[PDB]
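The next block holds one structure in the form of structure tokens; read it before the comments.
Cβ: placed from backbone, ideal geometry, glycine included. Neighbour counts: every protein chain shown. No lab work stands behind these numbers, since they all come straight from the coordinates.
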Amino acid sequence: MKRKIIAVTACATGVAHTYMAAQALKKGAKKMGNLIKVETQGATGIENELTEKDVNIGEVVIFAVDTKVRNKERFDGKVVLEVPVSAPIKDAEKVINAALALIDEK
């Protein structure tokens, strides 16, 4: 029922994107009934650092960023879904479906 997904959100100038995306994405994932780990980088400052543990829990890695990711090292090599940071704001549920499309696709 609860699919394991991790997602990184990061933007430098325009953090309103980062936070709003992380909120909407979180709401949608919870509404669908899944387990998501949303990492929030305030450009350089990571406010929710996903460790190897968390990263190995989530299978799909959603990347909604305008800037670079620091923890990306652990996410790299895993199955990811790369989208604009603005995307999970308007189409959060759609982004979640996209993540599912990388592992299952329907």
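Percent antiparallel among DSSP beta bridges with both residues in the chain, to the nearest 5?
Taking every DSSP beta bridge with both residues in the chain, the antiparallel ones total about 10 percent.
Where a Cα-Cα gap under 27 Å defines reach, which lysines qualify for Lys53, not counting those fewer than 8 residues away within the same chain?
The reachable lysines, counting only those whose Cα sits under 27 Å from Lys53, are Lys2, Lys4, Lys26, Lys27, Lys30, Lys31, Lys37, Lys68, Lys72, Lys78, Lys94.
Taking amide H positions as placed in the peptide plane 1.01 Å from N, state which residues far from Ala43 in sequence (5 or more) or on other chains have amide H under 5 Å from it.
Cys11
For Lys68 and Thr51, calculate 0.36 nm times their separation in residues minus their Cα-Cα distance, and state this gained length in nm to one decimal.
Result: 4.4 nm gained on full extension.
Calculate the FRET efficiency for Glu93 and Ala43 from the Cβ-Cβ distance with a Förster distance of 30 Å, rounded to the nearest 0.05.
FRET efficiency, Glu93 to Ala43: 0.65.
Can you tell me the relative contact order of the chain? Whole percent, Cα pairs under 8 Å, sequence separation 6 or more.
32
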